[PDB]
Every structure is written in structure tokens, then in C-alpha cells.
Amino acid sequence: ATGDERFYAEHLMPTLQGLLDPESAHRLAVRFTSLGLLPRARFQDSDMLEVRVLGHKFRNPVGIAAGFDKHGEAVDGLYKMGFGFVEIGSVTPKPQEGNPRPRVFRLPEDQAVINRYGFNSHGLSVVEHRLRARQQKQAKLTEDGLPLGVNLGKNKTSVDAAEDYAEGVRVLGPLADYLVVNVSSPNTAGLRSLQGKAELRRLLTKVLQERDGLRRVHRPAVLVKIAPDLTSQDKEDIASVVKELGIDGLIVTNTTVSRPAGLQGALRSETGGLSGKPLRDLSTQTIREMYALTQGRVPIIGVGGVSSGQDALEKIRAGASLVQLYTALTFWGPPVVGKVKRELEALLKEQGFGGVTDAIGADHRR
């Protein structure tokens, strides 16, 4: 319990929520972050938190999930905030505006958010040039254990989804440590159908071919990001395809189109993906299942409702090598990053783990 954590949680964030609608608050958050207007993280990462996965060193396992920095404007500010890795996007091939406003809603009683942004994106070319301006800076960050992920989406009016993703691989693959084939946004019509076995195998074969065609030092890992709302059949199929094709990892999960019993927020019946605490254990269980179905051989980035060391460790023990958060930032602000890391370190020690690596999938070993 630092001074900052309580001040943000009790005073700063609630005031900011009281003054600004969620989307305006997000825009401001991105601006402040990009300008480095936040305390440089006091928490120095211990060796216990280092993870080697996806061909890279991660100095800590807590990343910022896709959707916070959709257009790659705040990457350096986000490392300053203490994230061990940054994922930008989703980025679509052509610029597009997304859905009409309002399209983001706070459920404070639930520590949740509902969003239906619809892939608002500056597009590949703008993001390409943004990353190019700091490409060597990123190379040094990556070498120092702070990798960069790029999450790829598809345009609303695209006729050929696989070609949209292929374009993303070719344009931003060379600038990324890993790419994410996001087939699980609930806010683009027909997108989640790309998670079906036949469609997925064809899509991912094309994506991997394009990736393999990049020069070695510009060749990223490829992960698939999946929904929390999959049937058992869907999960079996995804596991099979991912192993068959040698997909490098999974991101588990996106937001849910379900509305768990017990939501209190007035805005609970808004259309969109639900994030935050009501998603937490649904996500953890999806991690648990996907880890088992892939025999622990496919790295998982665990995401959904993380705002504490316990939340993080539950996902790690269920099978995640790394975790991400987003919605917690809306309620706790920047201090939540150091909080999660500090609490995670303490729990690892308490439960007899030498470090994060020892805890990955530990629940499955009884």
C-alpha cells in the first residue's frame, strides 16, 4: 500500500470518472501517458519476475492489453508505467472510425467496463510510421527485456479477412516482437466465426506463411487471441489447429458477450464486450482448459479481470506464462501496475515458487 495507490484509487480516479465520460477519459489517459505525465515506477523488478518465452526475455510478466493504445501513441509511456511488455492495437489495414458514440460504458458497481468501439483505427500506414520513428529505441528495449506486441484486426468492409491479416503481418510484422491475430472482438460482424476450425486453419496458414517470408531479425512470433465465450468444441478445434500449424501462443481472453448473473451496473445491458472483474474467472478457466488441451506446450498470455497479485498468480498457475490488464487501470490508475507486481512477488515467495517460471501451469501438476 504505497501513497500513490491509495490516492489514485480513492481520490484521483473517482474524480476523473466523475468529470469525464469513459471515452474522453481514455483519450486523456493516452495523452498523459504519451507525454510521460505519470510517476516513473519506483518498483524495480526482481529477478523472480523475469520470464523467457516467445523467443524473448520479459523483465516482468505484467503487460498492457490491446485496446488501451490502439494506434501506438503511448508505448514509451507505458513502459515507464512499469509494464513488462506492451501490446498495441488492434490495427486495421485502412483507417476506420469505428462505431458511433457513446460506445464505452463504466459499470463501477461491478468493477467492469462494456465497450463497442468497433476497431476504431488510424490504420496500418500511420502506425507503421509511428513505430518506425522509434524502431531502434524499441530494439534496445526488447533486448533489455521489454518486448512489443502488435495486435491485428480487419476492416469492417473487408471482403477477404485473411488478406487483411496478411497485410498486417507484412506491414507491422517487421516492427513487432509478436503479432496477434485477433479473431475474438465481439464488435465486428462475423469476426468471431473466424475461430471455427476450417476458417481458422486456412486463415492461420496464410498468416504464418506471410510471417515466415519476413527476414529473420524482422520475424515475429504469432499468437491467436480468443474469446471467453467458446464452446467446448470450439476450444478443442482451436487447440488442434494451433498445435498442427505451430502457432507460437494464445492470448486468453478477449471481452465477453455474456452477462454474468449478478451484474449491478445500470449499463449492464449495453451491447458490447464486458471486461474487468466479472470476466476474471471465466478467463482463468479458459486459460486452464486451453493449457490442458495443448499439453502445456503452447505459451499463453492470460488476460481478463486482473487487478491484484492474486489475480495474476491464479492465471499463471492455470497456465499463463504472462498476463495483461486494461480495465483495472480505469479504476485504480497507474499505481495498479506496481501493486500487481509487488503482490505477485510476495505470493510466489509465500507459495514456495522460485519465480514466475516455476508457477506456470502449477495447478495442473496437482
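Don't overthink the numbering: it's just position in the shown sequence, from 1. C-alpha atoms forming the largest set that superposes within 1.5 Å between two forms make up the rigid core.
Here 317-325 and 35-43 are scored by the root mean square distance of their C-alpha atoms in 9 other deposited structures of this protein, with each structure fitted by the rigid core; the higher score goes to 35-43. Between 196-204 and 98-106, greater CA displacement relative to the shown form is found for 196-204 when the structures in 9 other deposited structures of this protein are fitted on the core. In this entry, 189-197 has the higher mean Cα B-factor, the comparison being between 189-197 and 90-98. Stretch comparison (39-47 versus 330-338) by mean CA B-factor in the PDB entry places 39-47 on top.
Looking at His122, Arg211, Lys154, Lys140, the one whose CA carries the top B-factor in the deposited record is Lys140.
Highest C-alpha temperature factor among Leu203, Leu267, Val222, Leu245, as the PDB entry reports it: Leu203. Annotation for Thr231: C-alpha temperature factor in the middle third relative to the rest of the modelled chain, per the entry. When the modelled residues of the chain are ordered by their C-alpha B factor, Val113 lands in the lowest third.
Ranked by Cα temperature factor within the chain, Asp160 sits in the highest third according to the deposited record. For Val183, the recorded CA B-factor ranks within the highest third of the chain. Only modelled residues enter the ranking. In the deposited entry, the Cα temperature factor of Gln310 places it in the lowest third of its chain's modelled residues.
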